[PDB]
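Structure first, commentary second.
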Amino acid sequence: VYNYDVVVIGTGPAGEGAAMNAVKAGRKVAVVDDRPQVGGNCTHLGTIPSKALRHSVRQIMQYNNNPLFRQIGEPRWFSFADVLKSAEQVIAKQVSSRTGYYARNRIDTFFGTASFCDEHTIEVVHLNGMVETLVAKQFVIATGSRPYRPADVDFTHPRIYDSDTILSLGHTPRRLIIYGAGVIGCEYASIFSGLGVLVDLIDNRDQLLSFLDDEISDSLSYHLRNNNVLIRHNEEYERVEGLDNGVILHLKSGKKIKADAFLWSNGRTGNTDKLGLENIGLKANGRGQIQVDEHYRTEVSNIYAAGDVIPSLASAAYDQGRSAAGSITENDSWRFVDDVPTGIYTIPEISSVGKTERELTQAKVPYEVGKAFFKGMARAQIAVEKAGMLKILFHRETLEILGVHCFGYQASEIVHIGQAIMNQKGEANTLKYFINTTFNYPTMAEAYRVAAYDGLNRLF
Amino acid sequence: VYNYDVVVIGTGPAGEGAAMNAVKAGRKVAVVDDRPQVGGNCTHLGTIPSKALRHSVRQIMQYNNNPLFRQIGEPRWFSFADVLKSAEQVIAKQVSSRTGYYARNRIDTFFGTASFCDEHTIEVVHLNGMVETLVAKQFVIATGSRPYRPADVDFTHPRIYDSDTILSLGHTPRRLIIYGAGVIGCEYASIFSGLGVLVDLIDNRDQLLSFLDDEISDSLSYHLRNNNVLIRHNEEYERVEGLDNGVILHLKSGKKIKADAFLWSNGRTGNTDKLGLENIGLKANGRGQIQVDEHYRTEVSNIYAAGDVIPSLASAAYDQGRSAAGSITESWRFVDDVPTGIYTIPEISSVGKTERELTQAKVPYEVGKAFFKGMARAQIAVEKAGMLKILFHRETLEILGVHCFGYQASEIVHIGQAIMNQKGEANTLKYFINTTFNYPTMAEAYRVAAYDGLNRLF
Amino acid sequence: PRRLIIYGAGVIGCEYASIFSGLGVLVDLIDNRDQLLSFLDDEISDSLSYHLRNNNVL
Ligand SMILES: Cc1cc2nc3c(=O)[nH]c(=O)nc-3n(C[C@H](O)[C@H](O)[C@H](O)COP(=O)(O)OP(=O)(O)OC[C@H]3O[C@@H](n4cnc5c(N)ncnc54)[C@H](O)[C@@H]3O)c2cc1C
Ligand SMILES: Cc1cc2nc3c(=O)[nH]c(=O)nc-3n(C[C@H](O)[C@H](O)[C@H](O)COP(=O)(O)OP(=O)(O)OC[C@H]3O[C@@H](n4cnc5c(N)ncnc54)[C@H](O)[C@@H]3O)c2cc1C
């Protein structure tokens, strides 16, 4: 039996941020997770592995399309195992760094499944048979989520995978079917298209990423189509059948598609069933999520939830966990993480912040559009990333930025300047900043300047 | 004899920006250049070729050190010509884009050397012997500069190069000597270190880039030393001897260094000799620069000078030209706070006061550090060396200086610059705690740095 | 002209927008619907919109 001030369940970004913020306040913190190593889904099955796969695919594509390396020989494909091999060193380094972060602050860890006993007591059970009783005054729930698994899909089939088991692939398939047009599905479709796999992306809606700007979605769809990705719209699956050599999907519309593999990316379910929320009066909705208020507080006053258990973004989860820890400690570090810069790490990347075009049109705001195309950008030309764009929506009278959308090379790393300018108050948030500020050159931030001018010419 | 409201000399960033801002005002503009193509040194001989060389060398290094590509075969050294070949497509695209920009706004161009006659006319002299007369109410001077050529150096020797003709190299040398520890010198030292050339960098001072922070300079020096860049400090050249099989530099201290090539990167002199400034009474200093006020206006009321002809940065020159054009048409700012950027391997960028200036001013500041080795994006980019430092006021949390060195340093520094320019309490460190970034990116490094500051704050 | 505005996303409007964009003028096509030529295929309309936007047709 151990006693602590605050106990956090799950060692993902939310749990790590909550524990670090709470221990920074002078309290005693503990962390519980079921994985054999620290890091959570973000490092072991989420952000890090898929991002390493994407970066390796991009490097392979650039090497193949670079004439300088064509003197070495004819273009050569790479096995999926060799591509995935690069992620092991990165995940090992990340887990080592996180363990060092925990150890340097004297943070106690327990590597076992956590179950609830009462409002202040939990039992951690390891695989071997640890049965340790933990009592804490404050609780943080950061158990994340898992891929949604419908019953009628034989996930035990060797040729059917989800967003987690897809990394178990040993050989590169010739054909692939991806279901669900979510962020994960689009990212994996882009990665496998870069690898050279004819993948037939399936969408339940008519437009990919309807929450994004219409032009950005159109450009992404066109690029995917030009990159061997076949996009089908307004489709719902009827039956998935595994075979010896492939997987056949029968849609409700009547189309039957056969591939050499299958990936499911349609939604996620909260990983809270094993916790046993009935011992504290808490309940989980149909998606497995936990309802929280603006203070990230559950129905129980001393129990808090943050992260994927409620935009399902790793940075958003980390900030939500830190805010929940601040609410626990009440050290003027609480904030409701609501404005999250949307980022899709396809090839090329996509990012957005603030209002889109359709919302502005619906609200009848007198705005204007400033565009800067990456094809004319020195850095984009020099990186051989010719495709791309940057769009700035700015108020036509007050010159206040209402939304920034970018699609191309280094989208996420240049959306941040627009985000910083947008967050300013009143006249401080002005497009004219991009004219009265000297940037570097040749970089991607220079596009902002061009975009600004492309707005100012449209202003009379 | 043509007539326009405003004429521009030089088609670099300063001239292009001045012309664009002037034509935006509804006036009539003209441009003159002595090169057969538009763009200036920013595209033809300066920024773009060196950046292309840097990106190609970085890609070569990434391919060489990547275990995935090693299965194909053993590393193969790439000739300098093949590496430089990638720049031709980029310069062609840039010049086509700039020509389209000029033609879209109906901008007249004159491909010839410009000479002054009086305060309202100039003569354009072509290669085959013309004079064309141009008259403008307002004048913009953006003649830029050229590499400084001392008399005692035989630049006509095939084995002796400057910052311009170094691109004429056809074979990769084994050993190379760089004189001058300037931005260009350090950049080219990094380039040739990436290509496996035993560079012997020569510095006239004791510390590389003394205008930078001590920590950043020390890290850059350590990386260069680990990348075969033998750095010699406090050295002044005495004589240069060009052999058939090499170049031997005899220093004032008595050291004699032999290489297979030689590169001079010590300073630049403004292009004012052939401008005929004596026809207007304007005066240029020994450095070839033109003195202007805060309006970017010369002593003559209707003559303006902007750009490298006066921080010598392409973006700074472009903004200076646009500011001068705005001053002509009345939308004007003085380009003073230029974020310094050195595009070596890895890159360096900085904005605001350094730690030494803050110590001298006795401002009670504090340091927040975020090391790239622990950064997920840096680890996944295989580029682990690097750091990001934020200097913030201890009491009011006001950011007084941002320094970054590593991967994507120049693009990273822009967020800190954007926060910096805010007024009063808006420019606060706690912004990095009150905003969610994209992950995994290097921008998250800022967040870490902020926390590394807040722990030191009590 | 230096700039131009086209109202109506019909066949004639799109043809003139493409022609003028080829001529090198910033055309601002205005549509009463959410998709250009909704009676066409979605992929074809998306490709046409991408090309027009890439050719200064806002
Ligand atoms: C392929 C892919 C790519 C992604 N890319 C991005 C991206 O680029 N950016 C982004 O922001 N997000 C991305 N995500 C989303 C990311 O996975 C989540 O945002 C993030 O993992 C949520 O953080 P969290 O700490 O709140 O939850 P998690 O990190 O998922 O926390 C779950 C942890 O709790 C443990 N746990 C769960 N239940 C129990 C239990 N009963 N007992 C004990 N331990 C338990 C798990 O073992 C795990 O360690 C991606 C996801 C996927 C699948
Ligand atoms: C190797 C190298 C790398 C560099 N890298 C960078 C970098 O990464 N970032 C950065 O910001 N800066 C960089 N620079 C500096 C960059 O070259 C200058 O900042 C830039 O030239 C400034 O613009 P400008 O128009 O004043 O210069 P220029 O472009 O040189 O303008 C001068 C133009 O006018 C013409 N001209 C000159 N004299 C006359 C005359 N008498 N009559 C008519 N026309 C004339 C010239 O032919 C030229 O076209 C680099 C320079 C070098 C040499």
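Chains: A, B, ... in order of the structure tokens. Residues: from 1 per chain. Ligands: from 1, in order shown.
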
Close residues, residue 9 of chain A itself excluded, 9 Å, only C-alpha atoms, min 6 positions apart in chain, as number ranges by chain: A: 15, 30-33, 114, 139-143

Against ligand 2, which residues of chain B fall within 6 Å? For each one I want the closest pair of atoms and the distance in Å (one decimal), counting only C-alpha atoms and all ligand atoms, rows by chain and increasing residue number, as a tab-separated table.
residue	atom	partner	partner_atom_place_in_ligand_line	distance
B:9	CA	ligand 2	43 (C)	5.4
B:10	CA	ligand 2	34 (O)	3.2
B:11	CA	ligand 2	49 (O)	5.1
B:12	CA	ligand 2	25 (O)	3.1
B:13	CA	ligand 2	25 (O)	4.6
B:14	CA	ligand 2	25 (O)	4.6
B:15	CA	ligand 2	25 (O)	5.8
B:33	CA	ligand 2	44 (N)	4.2
B:34	CA	ligand 2	44 (N)	4.3
B:35	CA	ligand 2	47 (O)	5.3
B:40	CA	ligand 2	49 (O)	3.2
B:41	CA	ligand 2	29 (O)	3.7
B:42	CA	ligand 2	17 (O)	4.7
B:46	CA	ligand 2	52 (C)	3.7
B:47	CA	ligand 2	5 (N)	3.7
B:50	CA	ligand 2	1 (C)	5.3
B:113	CA	ligand 2	42 (N)	4.2
B:114	CA	ligand 2	42 (N)	4.0
B:142	CA	ligand 2	26 (O)	5.1
B:143	CA	ligand 2	37 (C)	3.9
B:144	CA	ligand 2	32 (C)	3.9
B:145	CA	ligand 2	30 (O)	5.6
B:163	CA	ligand 2	53 (C)	5.6
B:184	CA	ligand 2	1 (C)	5.5
B:271	CA	ligand 2	38 (N)	4.7
B:274	CA	ligand 2	41 (N)	5.2
B:275	CA	ligand 2	41 (N)	4.5
B:307	CA	ligand 2	26 (O)	4.0
B:308	CA	ligand 2	26 (O)	3.6
B:309	CA	ligand 2	26 (O)	5.6
B:312	CA	ligand 2	19 (O)	4.6
B:313	CA	ligand 2	11 (O)	3.4
B:314	CA	ligand 2	11 (O)	3.4
B:315	CA	ligand 2	11 (O)	5.2
B:317	CA	ligand 2	22 (C)	5.1

Residues of the last selection are to be written out with N, CA, C and O atoms, as a compact mmCIF listing (two decimals), in the first residue's frame.
# COMPACT_ATOMS: atom_id res chain seq x y z
N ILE B 9 17.81 51.22 -59.93
CA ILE B 9 19.06 50.65 -60.40
C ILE B 9 19.31 49.37 -59.61
O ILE B 9 19.42 49.40 -58.38
N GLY B 10 19.39 48.24 -60.32
CA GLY B 10 19.56 46.96 -59.67
C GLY B 10 18.26 46.20 -59.51
O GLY B 10 17.26 46.76 -59.05
N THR B 11 18.26 44.92 -59.89
CA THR B 11 17.07 44.09 -59.84
C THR B 11 17.16 43.03 -58.74
O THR B 11 16.63 41.93 -58.87
N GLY B 12 17.84 43.36 -57.64
CA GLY B 12 17.90 42.48 -56.50
C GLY B 12 16.66 42.63 -55.63
O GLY B 12 15.66 43.23 -56.04
N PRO B 13 16.70 42.08 -54.42
CA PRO B 13 15.55 42.22 -53.52
C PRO B 13 15.19 43.67 -53.23
O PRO B 13 14.00 44.01 -53.20
N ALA B 14 16.18 44.53 -53.04
CA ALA B 14 15.90 45.94 -52.76
C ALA B 14 15.23 46.61 -53.95
O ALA B 14 14.20 47.27 -53.81
N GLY B 15 15.81 46.44 -55.14
CA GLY B 15 15.24 47.06 -56.32
C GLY B 15 13.86 46.50 -56.65
O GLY B 15 12.95 47.25 -57.00
N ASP B 33 19.19 47.08 -65.12
CA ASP B 33 20.12 46.08 -64.62
C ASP B 33 21.26 45.91 -65.61
O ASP B 33 21.07 46.08 -66.82
N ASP B 34 22.43 45.56 -65.09
CA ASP B 34 23.60 45.32 -65.93
C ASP B 34 23.78 43.86 -66.31
O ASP B 34 24.69 43.55 -67.09
N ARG B 35 22.94 42.95 -65.79
CA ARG B 35 22.98 41.53 -66.11
C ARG B 35 21.95 41.19 -67.17
O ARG B 35 20.93 41.88 -67.30
N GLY B 40 19.37 39.69 -59.71
CA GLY B 40 20.51 40.19 -58.97
C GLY B 40 21.31 39.07 -58.32
O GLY B 40 21.21 37.90 -58.67
N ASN B 41 22.14 39.47 -57.35
CA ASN B 41 22.96 38.51 -56.63
C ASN B 41 22.13 37.58 -55.76
O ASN B 41 22.57 36.46 -55.47
N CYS B 42 20.94 38.01 -55.34
CA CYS B 42 20.10 37.16 -54.49
C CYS B 42 19.75 35.85 -55.20
O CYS B 42 19.53 34.82 -54.55
N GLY B 46 24.60 34.78 -55.46
CA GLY B 46 24.68 34.85 -54.01
C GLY B 46 23.83 33.84 -53.27
O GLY B 46 24.22 32.68 -53.09
N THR B 47 22.65 34.29 -52.82
CA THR B 47 21.84 33.50 -51.90
C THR B 47 21.46 32.15 -52.48
O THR B 47 21.71 31.10 -51.87
N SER B 50 24.35 29.34 -53.22
CA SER B 50 24.89 28.83 -51.97
C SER B 50 23.87 27.99 -51.22
O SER B 50 24.20 26.95 -50.64
N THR B 113 24.32 48.63 -68.12
CA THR B 113 24.93 49.36 -67.01
C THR B 113 24.36 50.77 -66.92
O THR B 113 24.13 51.43 -67.94
N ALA B 114 24.12 51.23 -65.70
CA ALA B 114 23.54 52.55 -65.47
C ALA B 114 24.62 53.53 -65.03
O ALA B 114 25.44 53.22 -64.16
N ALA B 142 20.09 50.59 -55.84
CA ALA B 142 20.23 49.27 -55.24
C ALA B 142 21.31 48.48 -55.97
O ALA B 142 21.14 47.31 -56.33
N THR B 143 22.46 49.12 -56.19
CA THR B 143 23.55 48.50 -56.93
C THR B 143 24.24 47.38 -56.17
O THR B 143 25.07 46.68 -56.75
N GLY B 144 23.92 47.20 -54.88
CA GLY B 144 24.49 46.08 -54.15
C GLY B 144 25.98 46.23 -53.94
O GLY B 144 26.50 47.34 -53.76
N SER B 145 26.69 45.10 -53.96
CA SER B 145 28.12 45.10 -53.75
C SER B 145 28.74 43.93 -54.50
O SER B 145 28.05 43.08 -55.06
N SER B 163 34.12 34.80 -53.53
CA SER B 163 32.77 34.32 -53.26
C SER B 163 31.92 34.17 -54.51
O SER B 163 30.85 33.54 -54.44
N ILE B 184 29.53 34.49 -45.12
CA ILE B 184 29.83 33.73 -46.32
C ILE B 184 30.95 32.73 -46.06
O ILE B 184 30.90 31.58 -46.52
N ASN B 271 28.90 48.60 -55.23
CA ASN B 271 29.05 48.83 -56.67
C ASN B 271 28.72 50.29 -56.96
O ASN B 271 27.62 50.64 -57.41
N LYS B 274 31.32 52.64 -61.16
CA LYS B 274 30.82 52.98 -62.48
C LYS B 274 29.48 53.71 -62.45
O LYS B 274 28.95 54.04 -63.52
N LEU B 275 28.92 53.95 -61.27
CA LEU B 275 27.63 54.64 -61.19
C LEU B 275 27.75 56.11 -61.58
O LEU B 275 26.74 56.75 -61.89
N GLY B 307 19.17 48.81 -49.60
CA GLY B 307 19.66 47.47 -49.82
C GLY B 307 21.09 47.26 -49.37
O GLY B 307 21.61 47.93 -48.47
N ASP B 308 21.73 46.28 -50.01
CA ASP B 308 23.10 45.92 -49.67
C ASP B 308 24.09 47.04 -49.98
O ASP B 308 25.20 47.04 -49.43
N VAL B 309 23.71 47.99 -50.83
CA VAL B 309 24.59 49.11 -51.15
C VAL B 309 24.92 49.94 -49.91
O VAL B 309 25.92 50.65 -49.89
N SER B 312 23.25 44.08 -44.85
CA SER B 312 23.60 43.23 -45.99
C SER B 312 22.92 41.87 -45.91
O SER B 312 23.56 40.82 -45.87
N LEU B 313 21.59 41.89 -45.87
CA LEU B 313 20.78 40.68 -45.86
C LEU B 313 19.69 40.79 -46.92
O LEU B 313 19.12 41.87 -47.12
N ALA B 314 19.42 39.68 -47.61
CA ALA B 314 18.51 39.71 -48.75
C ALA B 314 17.11 40.15 -48.35
O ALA B 314 16.51 41.03 -48.98
N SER B 315 16.56 39.54 -47.29
CA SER B 315 15.25 39.96 -46.80
C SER B 315 15.30 41.38 -46.26
O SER B 315 14.38 42.18 -46.49
N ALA B 317 17.37 43.70 -47.27
CA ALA B 317 17.48 44.58 -48.43
C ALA B 317 16.13 44.76 -49.12
O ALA B 317 15.78 45.87 -49.54

Considering only C-alpha atoms and all ligand atoms, tabulate each residue of chain A that lies at most 7 Å from ligand 1 along with its nearest interatomic pair and the corresponding distance in Å to one decimal; arrange the rows by chain and ascending residue number and present them as JSON lines.
{"residue": "A:9", "atom": "CA", "partner": "ligand 1", "partner_atom_place_in_ligand_line": "44 (N)", "distance": 6.0}
{"residue": "A:10", "atom": "CA", "partner": "ligand 1", "partner_atom_place_in_ligand_line": "34 (O)", "distance": 3.3}
{"residue": "A:11", "atom": "CA", "partner": "ligand 1", "partner_atom_place_in_ligand_line": "49 (O)", "distance": 5.0}
{"residue": "A:12", "atom": "CA", "partner": "ligand 1", "partner_atom_place_in_ligand_line": "25 (O)", "distance": 3.2}
{"residue": "A:13", "atom": "CA", "partner": "ligand 1", "partner_atom_place_in_ligand_line": "25 (O)", "distance": 4.1}
{"residue": "A:14", "atom": "CA", "partner": "ligand 1", "partner_atom_place_in_ligand_line": "25 (O)", "distance": 3.9}
{"residue": "A:15", "atom": "CA", "partner": "ligand 1", "partner_atom_place_in_ligand_line": "25 (O)", "distance": 5.4}
{"residue": "A:32", "atom": "CA", "partner": "ligand 1", "partner_atom_place_in_ligand_line": "43 (C)", "distance": 6.1}
{"residue": "A:33", "atom": "CA", "partner": "ligand 1", "partner_atom_place_in_ligand_line": "44 (N)", "distance": 3.5}
{"residue": "A:34", "atom": "CA", "partner": "ligand 1", "partner_atom_place_in_ligand_line": "44 (N)", "distance": 4.0}
{"residue": "A:35", "atom": "CA", "partner": "ligand 1", "partner_atom_place_in_ligand_line": "47 (O)", "distance": 4.8}
{"residue": "A:38", "atom": "CA", "partner": "ligand 1", "partner_atom_place_in_ligand_line": "49 (O)", "distance": 6.8}
{"residue": "A:39", "atom": "CA", "partner": "ligand 1", "partner_atom_place_in_ligand_line": "49 (O)", "distance": 6.2}
{"residue": "A:40", "atom": "CA", "partner": "ligand 1", "partner_atom_place_in_ligand_line": "49 (O)", "distance": 3.2}
{"residue": "A:41", "atom": "CA", "partner": "ligand 1", "partner_atom_place_in_ligand_line": "29 (O)", "distance": 4.2}
{"residue": "A:42", "atom": "CA", "partner": "ligand 1", "partner_atom_place_in_ligand_line": "21 (O)", "distance": 3.9}
{"residue": "A:45", "atom": "CA", "partner": "ligand 1", "partner_atom_place_in_ligand_line": "53 (C)", "distance": 6.3}
{"residue": "A:46", "atom": "CA", "partner": "ligand 1", "partner_atom_place_in_ligand_line": "52 (C)", "distance": 3.8}
{"residue": "A:47", "atom": "CA", "partner": "ligand 1", "partner_atom_place_in_ligand_line": "5 (N)", "distance": 4.0}
{"residue": "A:50", "atom": "CA", "partner": "ligand 1", "partner_atom_place_in_ligand_line": "1 (C)", "distance": 5.1}
{"residue": "A:112", "atom": "CA", "partner": "ligand 1", "partner_atom_place_in_ligand_line": "43 (C)", "distance": 6.0}
{"residue": "A:113", "atom": "CA", "partner": "ligand 1", "partner_atom_place_in_ligand_line": "42 (N)", "distance": 3.7}
{"residue": "A:114", "atom": "CA", "partner": "ligand 1", "partner_atom_place_in_ligand_line": "42 (N)", "distance": 4.1}
{"residue": "A:115", "atom": "CA", "partner": "ligand 1", "partner_atom_place_in_ligand_line": "41 (N)", "distance": 6.5}
{"residue": "A:142", "atom": "CA", "partner": "ligand 1", "partner_atom_place_in_ligand_line": "26 (O)", "distance": 5.0}
{"residue": "A:143", "atom": "CA", "partner": "ligand 1", "partner_atom_place_in_ligand_line": "34 (O)", "distance": 3.6}
{"residue": "A:144", "atom": "CA", "partner": "ligand 1", "partner_atom_place_in_ligand_line": "27 (O)", "distance": 3.2}
{"residue": "A:145", "atom": "CA", "partner": "ligand 1", "partner_atom_place_in_ligand_line": "30 (O)", "distance": 5.3}
{"residue": "A:163", "atom": "CA", "partner": "ligand 1", "partner_atom_place_in_ligand_line": "53 (C)", "distance": 5.5}
{"residue": "A:164", "atom": "CA", "partner": "ligand 1", "partner_atom_place_in_ligand_line": "53 (C)", "distance": 6.7}
{"residue": "A:184", "atom": "CA", "partner": "ligand 1", "partner_atom_place_in_ligand_line": "1 (C)", "distance": 5.2}
{"residue": "A:271", "atom": "CA", "partner": "ligand 1", "partner_atom_place_in_ligand_line": "38 (N)", "distance": 5.1}
{"residue": "A:272", "atom": "CA", "partner": "ligand 1", "partner_atom_place_in_ligand_line": "41 (N)", "distance": 6.2}
{"residue": "A:274", "atom": "CA", "partner": "ligand 1", "partner_atom_place_in_ligand_line": "41 (N)", "distance": 4.9}
{"residue": "A:275", "atom": "CA", "partner": "ligand 1", "partner_atom_place_in_ligand_line": "41 (N)", "distance": 4.9}
{"residue": "A:306", "atom": "CA", "partner": "ligand 1", "partner_atom_place_in_ligand_line": "26 (O)", "distance": 6.2}
{"residue": "A:307", "atom": "CA", "partner": "ligand 1", "partner_atom_place_in_ligand_line": "26 (O)", "distance": 3.2}
{"residue": "A:308", "atom": "CA", "partner": "ligand 1", "partner_atom_place_in_ligand_line": "26 (O)", "distance": 4.1}
{"residue": "A:309", "atom": "CA", "partner": "ligand 1", "partner_atom_place_in_ligand_line": "26 (O)", "distance": 6.5}
{"residue": "A:312", "atom": "CA", "partner": "ligand 1", "partner_atom_place_in_ligand_line": "19 (O)", "distance": 4.2}
{"residue": "A:313", "atom": "CA", "partner": "ligand 1", "partner_atom_place_in_ligand_line": "11 (O)", "distance": 3.1}
{"residue": "A:314", "atom": "CA", "partner": "ligand 1", "partner_atom_place_in_ligand_line": "11 (O)", "distance": 3.4}
{"residue": "A:315", "atom": "CA", "partner": "ligand 1", "partner_atom_place_in_ligand_line": "11 (O)", "distance": 4.9}
{"residue": "A:316", "atom": "CA", "partner": "ligand 1", "partner_atom_place_in_ligand_line": "11 (O)", "distance": 6.3}
{"residue": "A:317", "atom": "CA", "partner": "ligand 1", "partner_atom_place_in_ligand_line": "26 (O)", "distance": 4.5}
{"residue": "A:318", "atom": "CA", "partner": "ligand 1", "partner_atom_place_in_ligand_line": "25 (O)", "distance": 6.6}
{"residue": "A:343", "atom": "CA", "partner": "ligand 1", "partner_atom_place_in_ligand_line": "8 (O)", "distance": 6.9}
{"residue": "A:344", "atom": "CA", "partner": "ligand 1", "partner_atom_place_in_ligand_line": "8 (O)", "distance": 6.8}
{"residue": "A:345", "atom": "CA", "partner": "ligand 1", "partner_atom_place_in_ligand_line": "8 (O)", "distance": 6.2}

Chain B contacts to chain A at 6 Å (only C-alpha atoms) as a VMD selection string: chain B and resid 315 338 415 439

Output file for the residues above (N, CA, C and O atoms, as a CSV table (one decimal), in the first residue's frame):
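New file result.csv:
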chain,number,residue,atom,x,y,z
B,315,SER,N,16.6,39.5,-47.3
B,315,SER,CA,15.3,40.0,-46.8
B,315,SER,C,15.3,41.4,-46.3
B,315,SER,O,14.4,42.2,-46.5
B,338,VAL,N,16.8,43.3,-37.6
B,338,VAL,CA,17.0,42.3,-38.6
B,338,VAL,C,17.4,41.0,-37.8
B,338,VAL,O,18.5,41.0,-37.2
B,415,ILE,N,8.8,32.5,-34.6
B,415,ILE,CA,7.8,32.5,-33.6
B,415,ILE,C,8.2,33.4,-32.4
B,415,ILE,O,7.5,34.2,-31.9
B,439,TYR,N,2.5,19.0,-32.8
B,439,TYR,CA,3.4,18.0,-32.3
B,439,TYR,C,3.3,16.8,-33.1
B,439,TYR,O,2.2,16.4,-33.5

Determine, counting only C-alpha atoms, which protein, DNA and RNA residues have an atom within 10 Å of an atom of segment 35-37 of chain C; residues of the same chain fewer than 2 positions away are not included. Present the result as a PyMOL selection string. (chain A and resi 214) or (chain C and resi 8-11+14+30-33+39-42+44-46+48-49)

For the atom pair atom CA of residue 79 of chain B and atom CA of residue 170 of chain B, what is the interatomic distance in Å to one decimal place?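 We find that atom CA of residue 79 of chain B and atom CA of residue 170 of chain B lie 8.0 Å from each other.
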
Name the residues of segment 49-142 of chain B that fall into alpha helix (DSSP H) according to DSSP on the backbone, using the chain letters and numbers of this document, as number ranges by chain. B: 49-65, 67-70, 80-104

At a cut-off of 8 Å, list the chain A residues touching chain C, using only C-alpha atoms, as a ChimeraX atom specification. /A:215,218-219,222,373

To one decimal place in Å, what is the distance between atom CA of residue 190 of chain B and atom CA of residue 224 of chain B?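 Distance between the two atoms: 7.1 Å.
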
Taking only C-alpha atoms into account, find every residue of chain C that has an atom no more than 12 Å from chain B, and write it out as a ChimeraX atom specification. /C:1-3,21,23-26

Residues within 8 Å of residue 17 of chain C, please, as a PDB file with N, CA, C and O atoms, in the first residue's frame. Count only C-alpha atoms; anything in the same chain fewer than 5 positions from it doesn't count.
ATOM      1  N   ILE C   6     -15.714  37.823 -62.644  1.00  0.00           N
ATOM      2  CA  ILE C   6     -16.668  37.056 -63.436  1.00  0.00           C
ATOM      3  C   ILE C   6     -17.762  36.549 -62.508  1.00  0.00           C
ATOM      4  O   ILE C   6     -17.473  35.911 -61.490  1.00  0.00           O
ATOM      5  N   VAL C  27      -8.236  36.827 -62.170  1.00  0.00           N
ATOM      6  CA  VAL C  27      -9.679  36.684 -62.313  1.00  0.00           C
ATOM      7  C   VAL C  27     -10.264  36.219 -60.987  1.00  0.00           C
ATOM      8  O   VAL C  27      -9.718  35.318 -60.338  1.00  0.00           O
ATOM      9  N   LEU C  29     -13.480  34.605 -60.015  1.00  0.00           N
ATOM     10  CA  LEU C  29     -14.722  33.949 -60.401  1.00  0.00           C
ATOM     11  C   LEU C  29     -15.666  33.878 -59.206  1.00  0.00           C
ATOM     12  O   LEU C  29     -15.248  33.560 -58.089  1.00  0.00           O
ATOM     13  N   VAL C  57      -7.035  32.161 -60.607  1.00  0.00           N
ATOM     14  CA  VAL C  57      -8.490  32.280 -60.586  1.00  0.00           C
ATOM     15  C   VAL C  57      -8.943  32.059 -59.147  1.00  0.00           C
ATOM     16  O   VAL C  57      -9.153  30.926 -58.713  1.00  0.00           O
TER      17      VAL C  57
END
